[PDB]
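Novice: Dropping a structure here in structure tokens format, bear with me for questions.
Bear in mind that the values in this text are calculations on the coordinates, not laboratory data. A quick note on method: Cβ atoms are made from the backbone with ideal geometry, for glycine too, and the neighbour counts reach across all protein chains shown.
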Amino acid sequence: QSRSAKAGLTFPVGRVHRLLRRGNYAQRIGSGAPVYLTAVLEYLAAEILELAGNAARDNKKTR
DNA sequence: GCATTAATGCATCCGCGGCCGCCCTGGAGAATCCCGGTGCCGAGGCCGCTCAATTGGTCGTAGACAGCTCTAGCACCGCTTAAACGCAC
């Protein structure tokens, strides 16, 4: 099983971590950076999607 | 034949009157909202693939922990001008 499931995170911690590793950012990356990044992206995406869905539903649309 | 004097054709200067345009009220017509109504098409649930996230071990390595060093920020003191404020035209 992946850490995202045991941490209840929808976004992939492993994918973010491997993006950071090959993203020429720092040679040493702690385990907290990928989980923090996944959490913040999940929060931002959730808020944006909720607002967009509100804007869609107030215009008689389901998309 | 010439002046002349009353009859006559207008002379041009007002008197009068035919001559309008603006607000307020009378509804009239175009635009909008909105879902039925049906045709269209793509969002996505399902099927099959595949590759890298996770696991464990190896191993070396950077940073918290003091630990110490020294250093300028600050609170304080008092002089010297020095602009800021209120006013007034």
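Novice: What trypsin sites (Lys or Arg not before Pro) in the range A:2-35 are in a loop by DSSP, with at most 15 other Cβ atoms within 10 Å of the Cβ?
Specialist: Hits after loop and neighbour filter: A:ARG22, A:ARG28.
Novice: Hey, what did the range A:7-63 get for relative contact order, percent, Cα under 8 Å, at least 6 apart?
Specialist: 35 percent
Novice: How large, in Å, is chain A by the Kirkwood hydrodynamic radius built from its alpha-carbon pairs?
Specialist: It is 13.4 Å.
Novice: Using only the alpha-carbon atoms, how far is helix A:32-57 inclined from the longest principal axis of chain A? Give it as 0 to 90 degrees, nearest 10.
Specialist: The helix A:32-57 is inclined about 10 degrees to chain A.
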